[PDB]
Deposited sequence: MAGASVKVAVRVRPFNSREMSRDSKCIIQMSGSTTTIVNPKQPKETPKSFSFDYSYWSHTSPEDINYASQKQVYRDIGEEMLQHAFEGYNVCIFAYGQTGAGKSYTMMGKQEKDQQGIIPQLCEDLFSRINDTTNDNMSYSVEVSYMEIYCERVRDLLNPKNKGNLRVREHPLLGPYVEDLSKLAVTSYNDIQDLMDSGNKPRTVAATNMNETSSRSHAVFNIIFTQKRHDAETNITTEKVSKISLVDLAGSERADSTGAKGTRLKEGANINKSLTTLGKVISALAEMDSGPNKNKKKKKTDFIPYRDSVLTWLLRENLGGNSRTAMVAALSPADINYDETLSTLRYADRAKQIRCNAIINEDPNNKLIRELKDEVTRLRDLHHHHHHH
């Protein structure tokens, strides 16, 4: 019995498509509880689901029960960031139907407080670092941003590179992306400009009217290194935590082989031969799924009757995701133990 995957769901206002079809609301929330009415058989018992958070954002932020970008960051964003500081690897991944709110949640709009989890976590990470007053604490921050489209990886921080970059198994340390930019960053503004250009490099699709393809997964990785200098011994100990921030492809379903595999993975872990390597995504995230990571899912939900089956499917995946156990441990520099002895050895040797 370790820790389980945190699972939040979030329902947005009607979008243009839903208003055009005079869509009604079939989603209701109450504390941590989400209820969905079948608008096709309005005579069926509604189905209810209980999560770590049921966020009601169906209205406007002028309203009091509207779950804001700040609230959702502060509930799971901060929690995972604090765990990164404790020396744990963390993952949040946005799951749901095209249009349901995944990229609003993870990225936001950046116009006014519309900033999503990723930009907030980068403001908070850098904000905490520069508030440090222990001089024996110094810090390193390395970012990777990639797209998986149709099982082929691209580098969003290095667009000129057209590499279909190869997903390799390290024979000892597990999977990595060969020759993927790892860029040292020392300012929030600096990391802003990179996930800015990163986003602009995403595969665009005439099908989404030349908006970002709904079939592309966006993985934003920070390698966070904490350096503690000891004067007495002049050893520096390092904490290394990897933060994985994920904006999945559209859940509705060769080139979806990534997303269908995620399902089968989530489902295997829930009832507990795991097909981590049947797809690039489940492979690269083998560890964040049932391994050495603290992981949260934020499922986006359409409020609209027209999306009932997709929106029901998201809820049943969310609810299965709630039964996954993570075996996360603290990044432990063996040198802390070393420092404990050799310092004590010197002081008792001054009786």
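Missing stretches, numbered from 1 on the deposited chain sequence and kept in order:
Counting from residue 1, the stretches without coordinates are 1, 255-269, 289-302, 382-389.
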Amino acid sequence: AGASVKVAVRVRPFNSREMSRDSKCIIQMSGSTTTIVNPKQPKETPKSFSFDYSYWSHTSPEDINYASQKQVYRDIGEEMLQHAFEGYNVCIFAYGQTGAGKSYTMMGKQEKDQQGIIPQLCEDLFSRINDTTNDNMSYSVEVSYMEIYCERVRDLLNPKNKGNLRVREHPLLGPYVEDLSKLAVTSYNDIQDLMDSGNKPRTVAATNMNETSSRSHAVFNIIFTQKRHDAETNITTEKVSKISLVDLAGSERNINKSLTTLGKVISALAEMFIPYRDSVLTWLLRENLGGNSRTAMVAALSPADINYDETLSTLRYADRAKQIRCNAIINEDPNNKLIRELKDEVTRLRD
From here on, numbers count along this sequence of modelled residues.
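What we label the rigid core is the largest C-alpha set whose atoms superpose within 1.5 Å from one form to the other.
Stretch 259-267 versus stretch 68-76: after rigid core alignment, which one is farther off in C-alpha RMS in 5 other deposited structures of this protein?
This comes out as 259-267, the stretch further from the shown form in 5 other deposited structures of this protein.
Please tell me which region, 23-31 or 43-51, has C-alphas lying farther from the displayed form on average in 5 other deposited structures of this protein, with superposition done on the core.
Larger mean C-alpha displacement, comparing 23-31 and 43-51 in 5 other deposited structures of this protein, is found in 43-51.
At least a third of the other compared entries lacking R168?
Looking at the other entries that model residues on either side of it, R168 is present in every one.
Among the other entries that model both neighbours of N208, does it go unmodelled in a third or more?
Yes, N208 lacks coordinates in at least a third of the other entries compared.
Mean Cα B-factor comparison, 73-81 or 108-116, giving the higher one as deposited
108-116 has the higher mean C-alpha B-factor.
Report the stretch with the higher mean CA temperature factor, choosing between 39-47 and 306-314 on the basis of the entry.
Between 306-314 and 39-47, it is 39-47 that shows the higher mean C-alpha B-factor.
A231's Cα B-factor: lowest, middle or highest third of the chain?
CA B-factor rank for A231: highest third.
Among the modelled residues of this chain, does the Cα B factor of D155 put it in the lowest, middle or highest third?
For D155, whose C-alpha B-factor we compare with every modelled residue in the chain, the answer is the lowest third.
Could you look up the Cα B-factor of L259 in the entry and say which third of the chain it sits in: lowest, middle or highest?
It belongs to the highest third of the chain when residues are ordered by C-alpha B-factor.
Sort the modelled residues of this chain by their C-alpha B factor and say whether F273 lands in the lowest, middle or highest third.
Top third by C-alpha B-factor.
Taking the values exactly as deposited, rank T98 by C-alpha B-factor within its chain and report the matching third: lowest, middle or highest.
Lowest third, going by the recorded CA B-factors of the chain.
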